[PDB]
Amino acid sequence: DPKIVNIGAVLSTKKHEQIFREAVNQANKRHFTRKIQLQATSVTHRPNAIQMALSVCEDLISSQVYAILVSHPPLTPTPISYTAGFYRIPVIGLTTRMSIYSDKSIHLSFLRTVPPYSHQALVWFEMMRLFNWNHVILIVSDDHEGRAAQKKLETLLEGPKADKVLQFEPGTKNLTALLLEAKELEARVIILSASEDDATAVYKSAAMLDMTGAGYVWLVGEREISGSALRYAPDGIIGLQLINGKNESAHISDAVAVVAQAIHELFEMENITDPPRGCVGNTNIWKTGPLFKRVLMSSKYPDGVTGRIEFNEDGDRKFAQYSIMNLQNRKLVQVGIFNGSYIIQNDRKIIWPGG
């Protein structure tokens, strides 16, 4: 008999539980599992954060999980990160994109197989080189996500330069003062980070100031061409969609592969201890937790369903693939992809604002 090593998951549906089950069973098939052999333990999301925390203890940590997969319900991963982090049990985010999960102080054992929204700056930057936009205006919401995008782009720039950064208070509906400050500047290329509703307010104000026509380039991310943002978005706008970013099934499969590889790598080392069994009466960290986190952080899985899987220094997905989308006659049209490191233009012509 082998040593049985539990992996946990908090997932959206029973269907996705079964997928996780089958992924773990496949990992057992394809790995050499005389010594150690994985076992799937899963629940679905609870209705509120306190019940979810309790469930992590009662359902998962009671089974001594070495790691916990967590999907964003479509109520956040946060309670699961908190509770699991208490013990230094690693959490793998499957679909959560918010930049806040990259903060070690808050989420101190958290990796994810999708990138945070802020990493869209990586694509903007390659776009700016490609189309030789050397002077841009950056408009970001004055919240965490907005400031995260700013920091990320400013790091890449510091070739092309930002002529100015403008931040606005989230939830503001008349943005003409801010947008007037951008109109006076010379650069005509405008990059936007904002939630759905805040992008809407921007697009409206920009249209009333006639900043959405010929001359101007608008470069945004995924949130800014989603839901209601899309409904008032100007033609010619360029935006992004994370390929497979919403495919819980794809990420379950990839996350399990990575975690299974990492478990087997872990157990080549000496003096591996088990995680605590249950929460009750246990207040010490899992001593091997920090080691297992390092092994995950450095895991490389080239043959992923979502592409090439590595993690950066914050445990965020690297080599993510984006669709480059262009609003033409009010339809979203793919004009290229960012394949992880390289921009590939397809045969469909970009139509800019105006044209």
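In case it trips you up, residue 1 is the first one in the sequence shown, and so on. The term rigid core refers to the maximal set of C-alpha atoms that superpose within 1.5 Å between the two forms.
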Rigid core superposition, C-alpha RMS per stretch in 9 other deposited structures of this protein: which comes out larger, 180 to 188 or 218 to 226?
180 to 188
Check the entry and tell me how many residues of the deposited sequence have no coordinates between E184 and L185: none, 1 to 3, 4 to 9, or 10 or more.
none
Indicate whether the chain is continuous between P74 and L75 or, if not, how many deposited residues are absent from the coordinates: none, 1 to 3, 4 to 9, or 10 or more.
4 to 9
In the PDB record, does 166 to 174 or 143 to 151 carry the higher mean Cα temperature factor?
166 to 174
As the entry reports it, the stretch among 86 to 94 and 268 to 276 with higher mean C-alpha B factor is 268 to 276
Take the CA temperature factors straight from the PDB entry and tell me which of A257, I80, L209, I263 peaks.
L209
Residue, from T283, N132, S195, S253, that the PDB entry assigns the highest Cα B-factor:
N132
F319 - Cα temperature factor, lowest/middle/highest third of chain:
middle
Which third, lowest, middle or highest, does the CA B-factor of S42 fall in along this chain?
lowest
In terms of the chain's CA B-factor thirds, is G307 lowest, middle or highest?
middle
What third of its chain's C-alpha B-factors does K246 belong to: lowest, middle or highest?
middle
By the record's CA B-factor, is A199 among the lowest, middle or highest third of residues in the chain?
middle
